[PDB]
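# Residue-level structural notes
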Amino acid sequence: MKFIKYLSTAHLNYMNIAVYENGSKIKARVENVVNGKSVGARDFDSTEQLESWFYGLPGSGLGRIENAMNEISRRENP
C-alpha cells in the first residue's frame, strides 16, 4: 500500500524524499535519507493536491527538499 517514488531531481549528498500513501486515503510522509531520520508527516485527501504540493514550491529539485520537508515537518512527529 505505502509505496511512492522519491521527490528529488539531482543527486547530492544523498538527497531524496520517500513518500507513502494509504490504501484508504491519501498520505504524504516526507522521509529524508541524508540525516537518516524521517522528518515529515502530513495527512492529505486527494492525490491531485498531493502532487501539486511538491509541484510549485519556490525550490528546485534538491532545493525542494529543504522547503517541502521543512513544511511537511511543521507538525510534530510520532
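Residues numbered from 1 in each chain as written, not as in the entry; some residues may be left out. Heavy atoms only, no water.

Per the deposited record, determination of this structure is attributed to solution NMR.

Time to look at the pattern of salt bridges. This model, assessed by the stated rule, comprises two salt bridges. Across the salt bridge formed by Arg74 and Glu71, the nearest N and O atoms sit 3.9 Å from each other. The class for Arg74 is exposed, based on a relative accessible area of 59%. Between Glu76 and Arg75 there is a salt bridge, and its shortest N-O distance comes to 3.9 Å. Neither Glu76 nor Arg75 differs from the other in exposure class; each is exposed. (Salt bridge = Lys/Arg side-chain N within 4 Å of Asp/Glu carboxyl O. Buried < 20%, exposed > 50% of the residue type's maximum accessible area, 1.4 Å probe, protein only.)

Glancing now at the side chain of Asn16. Mapped onto the elements of the fold, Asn16 is located in the segment before β1 (27-28). At 2.6 Å, the side chain of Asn16 forms a polar contact with the side chain of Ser8. In this structure, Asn16 is in contact with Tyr6, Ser8, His11, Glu31, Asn32, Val33 and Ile65, ignoring residues within four places of it in sequence. (Helix = DSSP H or I, 4+ residues; strand = E, 2+ residues; numbered from the N terminus. Polar contact = N/O pair within 3.5 Å; in protein donor to acceptor, adjacent residues only side chain to side chain. Contact = heavy atoms within 4.5 Å.)

Counting twelve residues, the largest nonpolar core consists of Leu7, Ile17, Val19, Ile26, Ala28, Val30, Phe44, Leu50, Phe54, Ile65, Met69 and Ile72. Contributions of two or more residues to this core are made by α1 (47-54) and α2 (64-72). A per-element tally of this core places α2 first, with three residues. Leave out the neighbours within four places in its chain, and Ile65 touches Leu7, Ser8, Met15, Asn16, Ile17, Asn32 and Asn70. (Core = buried A, V, L, I, M, F, W, Y, C linked by side-chain atoms within 4.5 Å.)

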